[PDB]
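Undergrad: Counting the sequence shown from 1 gives a position; the entry's author numbering is that position plus 2. Heads up, the beta-carbon is just placed ideally off N, CA and C, and yes, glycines get one too.
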Amino acid sequence: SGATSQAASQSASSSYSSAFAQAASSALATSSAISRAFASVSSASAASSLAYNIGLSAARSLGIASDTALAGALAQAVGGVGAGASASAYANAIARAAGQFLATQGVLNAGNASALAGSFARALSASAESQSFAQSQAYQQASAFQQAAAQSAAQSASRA
């Protein structure tokens, strides 16, 4: 047959950051419970905190613990359109800003951009979807933390 055109190491190497955020949607559409994670939080600034929190969790699911800068821009992406568009703007702002740092070229190489994006989107969504269990754990603390109320350090549970 004779078909092995390498065509350089990188497929196109120019506009991979938006094309990443498109294949993110390929896995996000497989995981409708992510829109349910946003249905749990009805505040623009708290969605910025969800991006910072779930960003730092997804950081470790992808291996890029450098979320210190990502989360500081992901909060500005989700919060920049906090309550006015939809989970479409939250997910596009999350996937574009998830991509904006990865597209520094540190892990994105214009050939596995879509593969890493699908995995990122499924991992940040799997974190958000499983964090619905830790966001609404107000019932679990009312049995597990109330018995641990013997470690009085500042008030009882959560501070500042």
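When the Cβ atoms of the region 73-80 are set against those of the region 130-138, are three or more pairs found closer than 8 Å?
TA: Flag = no, the region 73-80 and the region 130-138 do not touch.
Undergrad: For the alpha helix (DSSP H) containing residue 2, name the first residue and the last one.
TA: Since the first residue of the chain shown is 3 and the last is 162, residue 2 is not available in this structure.
Undergrad: Output yes or no for whether 8 Å exceeds the beta carbon distance between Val-43 and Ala-35.
TA: Against a cut-off of 8 Å, the Cβ pair of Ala-35 and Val-43 comes out as no contact.
Undergrad: Taking only runs that begin and end inside the region 65-136, name each unbroken alpha helix (DSSP H) of 4 or more residues, in chain order.
TA: If we require 4 residues or more, the alpha helix (DSSP H) runs fully inside the region 65-136 come out as 69-81, 89-104.
Undergrad: Is it right to say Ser-127 is buried, meaning 16 or more other beta carbons lie within 10 angstroms of its own, or is it exposed?
TA: Buried: at least 16 other Cβ atoms inside 10 Å.
Undergrad: Whose CA, out of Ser-16, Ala-21, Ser-160, lies closest to the CA of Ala-140?
TA: Answer by Cα proximity: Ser-160.
Undergrad: Measuring only the C-alpha atoms, how far is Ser-121 from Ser-7?
TA: Whole-angstrom Cα-Cα distance: 27 Å.
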